[PDB]
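Here's a solo chain for you in C-alpha cells, the form deposited without the ligand.
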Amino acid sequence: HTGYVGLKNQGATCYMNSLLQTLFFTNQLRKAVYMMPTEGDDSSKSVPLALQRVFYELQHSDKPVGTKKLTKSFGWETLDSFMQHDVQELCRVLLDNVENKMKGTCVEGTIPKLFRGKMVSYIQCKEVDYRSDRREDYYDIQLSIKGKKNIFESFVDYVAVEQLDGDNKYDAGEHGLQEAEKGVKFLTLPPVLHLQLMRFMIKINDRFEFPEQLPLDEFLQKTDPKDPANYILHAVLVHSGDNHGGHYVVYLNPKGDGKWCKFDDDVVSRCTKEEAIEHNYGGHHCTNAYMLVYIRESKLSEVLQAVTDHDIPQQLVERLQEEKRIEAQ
C-alpha cells in the first residue's frame, strides 16, 4: 500500500537492511550508483554491481529483495561479522566502493558532494601565543547522548572547549608543555547529514530528543543569508534491545513531505510522525534511534530528485534481467 518494497531477513545482518533503504532513498546517490561502469565486473566479487542490483530490485520488485550477493562481495559472511562492526563502518565500506567506482565518470565526486562537510580542529595555548589550526573533512557527526537531552545539547557538547591541564598538558613543541584549550568549529554542513548517536559505548537507552526541523546556523563560524543551515529529518534508524536480542528497523519519509513509513525488513507500512520521531526518543518499553539522517532544506529537491526507469542504463537492466532469467530456471 506504501508503494515501497522491503528487504529479506537473511541472517544477523543487523543495521544492513536499515542502511540499504536509507541510501536507496538518497535518490541523488541512487541515480549515481546506476551510472557506475559495472559491465566488465564479476557478478560475485563486485560490491558496486551488488549495490546496483539491490537498488534496481527495490525500485521494481513487488516481492522482498534479497541481499545474499551483497553480503558475499564485501566479505561479511561469518555468523557474527555484522556484530563485530557498526553501521558507520558498513556505510564507509559501501560508499568507498561506489565513489572509487565513480572515478573518471561524469558522476565522479557524488559522495563528497552529498556527505563532505568542512571542520576546524584547534589547540590554542593559554600562557603562550601559539595556535595549531587543523582544517578537517567529515562525512558524519558522532554525537554523545549520555547526559544530553537533545541534538542541540549534543552539538553544544561537540563544539565545547576541552582543557589541557596537568597530566594531559599540550606539547607546544618549542614552547614546551603548555596549558591549552582544544575544540572543534564547523565551517560547512553537508547536504546529506548522517548523525551517529553514541548509544553503543554496552547499550545506553536514556531519553534523547531530535526535531523534525534542525537549525544548525548557530554552530557555524559564518552564516549565509541566502542558504541557512536548516535541516529536514529524512531517516530514523532504530534498534530494540539492552545487551541481547536486537531488532533493527528504519523510518523514512522518502519524498521529504513528512509522510512517514516503517521499513521493518520485508514489511513496509505507513506510520504516523509520532511512531517515527517521538516514539524513538527512548526512556521510561525499550526502543530508540541510534542513527539519524537530515537533509538541508535548500538541497532537499536536488538530493530527493525523481528517479525513473529511464535513469537506469539499458546495459544495467539487460544484465540484471539475464540474472533473473538464470535463477528462474
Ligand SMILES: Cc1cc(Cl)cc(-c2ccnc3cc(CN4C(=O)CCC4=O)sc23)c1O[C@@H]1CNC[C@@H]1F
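All residue numbers refer to positions in the sequence shown, first residue = 1. In this text, the rigid core denotes the largest set of C-alpha atoms whose superposition between the two forms falls within 1.5 Å.
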Please establish whether a third or more of the other compared PDB entries omit coordinates for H284. yes
Would you class the number of unmodelled deposited residues between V161 and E162 as none, 1 to 3, 4 to 9, or 10 or more? none
Going from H284 to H285, the deposited residues skipped in the model number 4 to 9
Higher of the two mean Cα B-factors (205-213, 68-76; per PDB record) comes from 68-76
Output the stretch having the higher mean C-alpha B factor in the entry; the candidates are 292-300 and 45-53. 45-53
Identify, among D96, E179, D257, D137, the residue whose C-alpha carries the highest B-factor in the deposited PDB entry. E179
Going by the entry, which of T188, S240, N230, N253 has the most elevated CA B factor? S240
Could you tell me which third, lowest, middle or highest, the C-alpha B-factor of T38 occupies within its chain? highest
So where's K126 on the chain's Cα temperature factor ranking, which third? highest
Taking the entry's C-alpha B-factors for this chain, is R116 in the lowest, middle or highest third? lowest
When the deposited Cα B-factors of this chain's modelled residues are ordered and cut into thirds, is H194 in the lowest, the middle or the highest one? lowest
Comparing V236 with the other modelled residues of its chain, is its CA B-factor in the lowest, middle or highest third? lowest
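From this point on, the text means the form solved in complex with the ligand, which you will not see here.
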Is the gap between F152 and the ligand in the deposited complex 4.5 Å or less for some heavy atom pair? no
Looking at the partner-bound form in the deposited complex, is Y248 within 4.5 Å of the ligand by any heavy atom? yes
With a cut-off of 4.5 Å between heavy atoms, is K203 one of the residues that contacts the ligand in the deposited complex? yes
Is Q142 one of the residues lying within 4.5 Å of the ligand in the deposited complex, judged by heavy atom distances? yes
Heavy atom within 4.5 Å of the ligand in the deposited complex - residue from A160, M83, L177, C106: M83
If you check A172, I123, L197, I232 against the ligand in the deposited complex, which one has a heavy atom within 4.5 Å? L197
Taking the partner as it appears in the deposited complex, which of 126-134, 253-261, 239-247, 217-225 has residues with heavy atoms within 4.5 Å of the ligand? 239-247
Flagged residue of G104, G147, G166, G75 - C-alpha shift reaching 2 Å or more between this form and the one not shown, core superposed: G166
After the core is matched up, is the C-alpha of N243 off by 2 Å or more between this form and the one not shown? yes
A change of 3 Å or more separates this form from the other: in the deposited complex, the C-alpha atoms of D242 and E153 are farther
